[PDB]
Amino acid sequence: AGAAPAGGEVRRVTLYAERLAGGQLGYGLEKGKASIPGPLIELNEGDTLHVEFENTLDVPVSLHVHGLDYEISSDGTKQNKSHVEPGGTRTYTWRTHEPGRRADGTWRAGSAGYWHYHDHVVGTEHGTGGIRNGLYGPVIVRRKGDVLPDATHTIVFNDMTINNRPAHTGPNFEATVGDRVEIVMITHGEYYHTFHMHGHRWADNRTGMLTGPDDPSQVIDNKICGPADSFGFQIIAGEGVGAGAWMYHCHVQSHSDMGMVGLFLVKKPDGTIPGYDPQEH
Amino acid sequence: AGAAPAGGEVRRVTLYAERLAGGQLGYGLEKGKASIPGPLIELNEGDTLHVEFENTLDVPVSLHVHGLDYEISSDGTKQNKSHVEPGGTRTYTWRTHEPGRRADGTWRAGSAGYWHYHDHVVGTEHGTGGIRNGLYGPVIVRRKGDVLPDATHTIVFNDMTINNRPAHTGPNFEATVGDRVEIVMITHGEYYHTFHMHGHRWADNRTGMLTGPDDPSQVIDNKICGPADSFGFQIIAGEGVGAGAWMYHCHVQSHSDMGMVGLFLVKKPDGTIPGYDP
Amino acid sequence: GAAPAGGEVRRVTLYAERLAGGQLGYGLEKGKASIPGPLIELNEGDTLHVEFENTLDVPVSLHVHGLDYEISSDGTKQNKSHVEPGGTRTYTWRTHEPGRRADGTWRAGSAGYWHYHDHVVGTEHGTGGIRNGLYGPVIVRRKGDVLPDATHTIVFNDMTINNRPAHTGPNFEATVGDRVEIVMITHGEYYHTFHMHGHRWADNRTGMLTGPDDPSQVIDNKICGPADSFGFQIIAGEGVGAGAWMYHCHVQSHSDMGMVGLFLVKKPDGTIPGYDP
Ligand SMILES: [Cu+2]
Ligand SMILES: [Cu+2]
Ligand SMILES: [Cu+2]
Ligand SMILES: [Cu+2]
Ligand SMILES: [Cu+2]
Ligand SMILES: [Cu+2]
Ligand SMILES: [Cu+2]
Ligand SMILES: [Cu+2]
Ligand SMILES: [Cu+2]
Ligand SMILES: [O]
């Protein structure tokens, strides 16, 4: 898909918090297309995003971002009078920025990386009940020259669920051998977990690729993660291992048993998966 | 900026273990002056420090540090007769070393970082009564050319508290927009936590800040941590996000909800906090 | 000294058996099983065929982290690659050197501190097979890697170190100045914080910085949860001297209840000063 360009476009989008089946809550880019996870927000460093947000719930909701620049007005908390009342609208405003030398000669970390947004005022003032119900979603902020993927898949460990799904309902994601798949992995709630993928590995750093033969970042297939931790990577599907149904799961042993498990379906060029007996789950 | 010198002085300090109000145990720089956490001890790589310790409790205590060089005699553990009787005194010596190449020709990591000290002898032989009641403190060992801060603030997640404080008592931490703020973050006791800061982000490396455009240290705003973990960072306060009461909190949902929160009170240059009730 | 560049096809026989005391483990010969299992060491490019035998009365299997295996070597009941009671199976592991793709991007190497474990006993994620000790280490070395005087594996399995009864180590001995490798794996149900007295290491691939432009953190305390694996190499007693150098999980209760051990660093004349158990 090429590579990211340099940023600096004032983007704007519409966001709504809606009720979902089963008492669940979610964000969507249009009324009635709310999902869990929320819609993937993607940005290039420099970009500015106005988020026009409406609350269709009977309770106040908010919209709070990790890792992006925001004045306190866009804090998204009761503490800075920045929530959205029932039936209310409010425009939030996020900025990103590039790395660069400061006047004291110290490097200013840019805004790039794998981030998230969630609610901060439902249930409690730290968003506990809203986060549990599914008011969360991913934010990617690229830097110029970042390799771009063929696909992007978000995997939130929210307590003992994957993306609030029922135990052992995945989700599963598909690809084809060689694809540049990207994974965003976020964690929410009470518990710590350990994210693990069969047959694939990545570098523990911003992009999940090594920069080169002098990138000392370690190569893992298992990452521990806690509430609100976010990381991402990109892998080449089946690189060095082939097609097949490739397990991902939480490696905390009671958590894969209770069903924090899903499948990375990496397919041959003809769309088949060898040995994928769908009844092996 | 104005950085940290090279090291290699011999330094000396007096530290006491005391009871404070209501079952509290703590280290101080002089008597009566005990604090939780204990006093910040700061060095530059290669400095030797001679801690002249005195136990003022009616039970044994020790002084044990992370990451610095000490010889086995200054473990601060009962298991090798390093603890201190009630009323006793003992000098613990910690050393620091610069980075450098070795005998076999590999690079030997400097003793620089964000470290800590704690008791190892109260309640149990791993300091479980002593860690739980406040007998811990921060340690920073600066390299050469380390950027120096305007202020330093220690945040310790000691099981379910920040600095053995009551629930929902901060601490709160003040700065002006533009101040170079260093944060010493230590976890202790029983729970993993995940450290969070509103509006501010830092590098997951030694300094908390990147070396330049080839430093691949991840930039994060949320860090999982477990007992005896120590990291730290420098951020430019309200840089790119402005003045206001910026929350920091354990992002474990019940933990924040149960009071593991405090406010980073950041000022416009006139000493006021937009949107906050001072 | 230094590790070579890989490329051999290496064969080995592997056995799952019951141990005394009702546990389970892997060995290289029959009656020689161990918890953890034996250390498997590879160079980047090395292929290893694992001639594997289930001597247990239930399906066991072998599943590896890090390495390149085809879905046929997956080790899961899910992909029908577990081994029935009494059966044999060859699991094949490959490794790859790093290198730049036609992509232009940089492909990471198989090198690392890895581990194998059972995926089919107890449950279909090997929870009962890991619990009773069916686990063990792997070190894939990159061309030129430093090689040590010793390697020791410390597995945090729930609240046991190497499935050992509480407060019984294991202790490992060394002489001042030795180069000592530690493989640290965690398994099971709990998070942990692995800590060593008197010693520190780099939080990167090898546990040692490349030099003064390696920005890696230096630590002596690392939080790890089920299936985490890492390693390092420390110079024994470096700058700190001989002694009984304690290592433990740093969750207070976990240390209190026997997740402790010792790193016994001898003076060259074999004395460990002031040590008396
Ligand atoms: Cu928050
Ligand atoms: Cu989990
Ligand atoms: Cu948050
Ligand atoms: Cu200790
Ligand atoms: Cu917490
Ligand atoms: Cu300690
Ligand atoms: Cu698995
Ligand atoms: Cu533990
Ligand atoms: Cu596994
Ligand atoms: O696994």
Side-chain angles (χ1 to χ4, degrees), chain A residues 62 64-66 75-80 82 116-121 124-128 131 188 194-199 221-222 227-228 246-253 256 261, chain B residues 62-67 75-77 115-120 126-128 130-131 135-136 139 186-189 194 196-199 221-222 227-230 246-253 255-257 260-261, chain C residues 61-66 74-76 78 114-120 123-127 129-130 135 187 193-198 220-221 226-227 229 246-252 255:
Chain A
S62 99
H64 149 258
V65 74
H66 291 231
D75 197 32
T77 89
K78 266 194 171 47
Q79 301 281 292
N80 307 155
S82 192
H116 58 109
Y117 55 98
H118 70 81
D119 161 57
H120 216 292
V121 307
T124 191
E125 291 206 64
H126 292 90
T128 302
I131 285 163
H188 273 289
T194 40
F195 177 86
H196 175 64
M197 288 206 67
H198 284 217
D221 67 7
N222 192 91
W246 291 106
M247 306 202 54
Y248 77 88
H249 49 85
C250 179
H251 217 301
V252 180
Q253 288 300 135
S256 45
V261 183
Chain B
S62 74
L63 182 48
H64 158 265
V65 64
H66 275 238
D75 250 355
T77 57
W115 299 113
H116 58 123
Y117 56 82
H118 58 78
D119 167 56
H120 221 276
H126 297 264
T128 299
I131 286 182
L135 284 168
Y136 53 78
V139 168
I186 313 146
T187 319
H188 261 321
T194 194
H196 183 58
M197 278 198 72
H198 282 204
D221 72 344
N222 194 278
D229 272 338
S230 63
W246 291 107
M247 265 187 285
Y248 81 92
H249 58 89
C250 176
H251 220 288
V252 179
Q253 281 322 318
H255 299 193
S256 60
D257 296 338
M260 285 187 77
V261 200
Chain C
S61 57
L62 196 299
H63 149 260
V64 85
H65 284 232
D74 184 31
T76 51
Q78 287 92 322
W114 301 110
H115 61 112
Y116 53 81
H117 69 69
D118 156 81
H119 218 266
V120 85
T123 79
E124 290 165 68
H125 292 282
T127 296
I130 289 160
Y135 55 68
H187 269 296
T193 45
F194 174 97
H195 170 61
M196 288 200 73
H197 285 233
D220 61 19
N221 205 82
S229 54
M246 212 163 344
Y247 80 83
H248 61 86
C249 169
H250 212 300
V251 188
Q252 288 311 132
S255 63

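Note: hydrogens, waters and symmetry copies are ignored here, and every other heavy atom, side chains too, is used. Proteins come first, then strands; the chains are lettered A, B, ... in the order of their sequence lines, and each starts at number 1. For ligands, and for the atoms within them, numbers begin at 1 and follow the listed sequence.
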Notebook entry, point to check: With a 3.5 Å cut-off and no angle check, do the side chains of B/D257 and A/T128 form a donor-acceptor pair?
Noted result: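 The criterion, which ignores hydrogens and geometry beyond distance, is satisfied for A/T128 and B/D257.
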
Item checked: Contact summary for C/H65 and C/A227, nearest pair of heavy atoms ->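 That closest heavy-atom pairing would be CE1-CB, 3.8 Å.
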
N, O or S atom of [X] closer to the Cu ion (ligand 6) than 2.8 Å:
X	answer
B/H120	no
C/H195	no
C/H197	no

Check: So B/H196 and B/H198, would you call those rings parallel, tilted or perpendicular, with 30° and 60° as cut-offs?
Finding: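 Answer is perpendicular, since the angle exceeds 60°.
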
Next item on the list: Quick one: the NE2 of B/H118, the Cu ion (ligand 6), NE2 of B/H66 angle, rounded to 10°, please.
Entry: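 The NE2/NE2 angle about the Cu ion (ligand 6) sits at 100°.
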
Check: Of all N, O or S atoms in B/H249, which has the smallest distance to the Cu ion (ligand 1)?
Finding: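 Sorting the N, O and S atoms of B/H249 by distance to the Cu ion (ligand 1) puts NE2 first.
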
Note to self: Taking backbone and side chain together, does A/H64 place any N/O/S atom at a distance below 2.8 Å from the Cu ion (ligand 1)?
What the structure shows: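 So A/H64 does not bind the Cu ion (ligand 1) by this criterion.
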
Check: C/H125 versus A/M247: any side-chain heavy-atom pair under 4.5 Å?
Finding: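 A side-chain contact exists here, since the closest heavy-atom pair is under 4.5 Å.
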
Next item on the list: Give a yes or no on whether the ring-centroid distance for B/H255 and B/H249 is below 6.0 angstrom.
Entry: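 Judged by ring-centre distance (under 6.0 Å), B/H255 and B/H249 do not meet the cut-off.
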
